[PDB]
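Only one chain is given next, in structure tokens, and it is the form solved without this ligand.
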């Protein structure tokens, strides 16, 4: 049994809800919240920017030190950093950004990072300002992630379309 509430059921392991991931993280304090990161861990806009704002920029400070030591992530890669006031840990995952011309086949590699964690609160990778089709992102999620994932979808209209169209 876990703390996640109101999540709609998709498969054995994937659950979905219309929610603000910041507000959901603040309520649940999950072991892992996933950030929709870029390779530079520059959290200016999108989920990364909303999560970072909710940490009062502490996520960005920690991320800048990580990059100064380790260099950029790979597209499709991830790192585990603090969850600050939102979660125990934040898994920063880099999905391909279609608005930068990145290979969408890297989306499966991105979701494979989730399998290293038994339970996660996450957004749909490569959706929103990353430019991918969220229906496609949900399909790759369900077909890739084997661990228990609780997906938060910010837009109510999109949530309803994702549920209604789910095979």
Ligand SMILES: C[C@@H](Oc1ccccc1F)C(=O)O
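Residue numbers count along the first chain shown, from 1.
- Look at the C-alpha B-factors of 102 to 110 and of 31 to 39. On average they run higher in 102 to 110.
- Looking at mean Cα B-factors across 22 to 30 and 60 to 68, the upper value is held by 22 to 30.
- The residue among 157, 144, 147, 11 whose C-alpha carries the highest B-factor in the deposited model is 157.
- When all modelled residues of the chain are sorted by CA temperature factor, residue 44 is found within the highest third.
Unshown form solved in complex with this ligand; subsequent notes refer to it.
- For residue 14, no non-hydrogen atom is located within 4.5 Å of this ligand in the entry with it bound, even though that partner is not displayed.
- Contact check for residue 59: every heavy atom lies farther than 4.5 Å from this ligand in the entry with it bound.
- Using a 4.5 angstroms threshold between heavy atoms, residue 141 stays clear of this ligand in the entry with it bound.
- Contact check for residue 149: no non-hydrogen atom falls within 4.5 Å of this ligand in the entry with it bound.
- Taking this ligand as it sits in the entry with it bound, the stretch 140 to 167 comes within 4.5 angstroms of it through a non-hydrogen atom at 152, 153, 154, 155, 158.
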